[PDB]
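*Asks:* Here it is, the structure in full.
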Amino acid sequence: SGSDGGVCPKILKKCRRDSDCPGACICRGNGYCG
């Protein structure tokens, strides 16, 4: 969850960018969605 886009459900989806993640998530500094 990046908070500014809303509450993300915070799935353990590994990523490379924010476009990998669902609606309100971001690609966090650990390489996963949040």
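Using the three backbone atoms N, Cα and C, a Cβ is placed for every residue, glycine included.
Annotation comment: Swiss-Prot describes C8-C25, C15-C27, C21-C33 as disulfide bond.
Help me picture these features in the structure, burial and contacts included.
*Replies:* Of all Cβ atoms in the shown protein chains, 17 besides its own fall within 10 Å of the Cβ of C8 (disulfide bond).
According to DSSP, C27 (disulfide bond) sits within a strand segment.
Residue density at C33 (disulfide bond): 22 other Cβ atoms are found within 10 A of its Cβ, drawing on all protein chains shown. Following the DSSP three-state reduction, the secondary structure of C33 (disulfide bond) is strand.
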*Asks:* Drop a 10 Å sphere on every Cβ of the disulfide-bonded residues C15, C21 and tell me which sphere holds the fewest other Cβ atoms.
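*Replies:* Among the disulfide-bonded residues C15, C21, the sparsest Cβ neighbourhood within 10 Å belongs to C15.
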*Asks:* Say you check the Cα of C27 (disulfide bond) against those of the disulfide-bonded residues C8, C21, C33; which is nearest?
*Replies:* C33
*Asks:* Could you check the disulfide-bonded residues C25, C27 and say which one's CB has the fewest neighbouring CB atoms inside 10 Å?
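*Replies:* Counting other Cβ atoms within 10 Å of each of the disulfide-bonded residues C25, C27 gives the minimum at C27.
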*Asks:* How big is the Cα-to-Cα gap, in Å, between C8 (disulfide bond) and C33 (disulfide bond)?
*Replies:* 9
*Asks:* Cα distance, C25 (disulfide bond) to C15 (disulfide bond), nearest Å?
*Replies:* 11
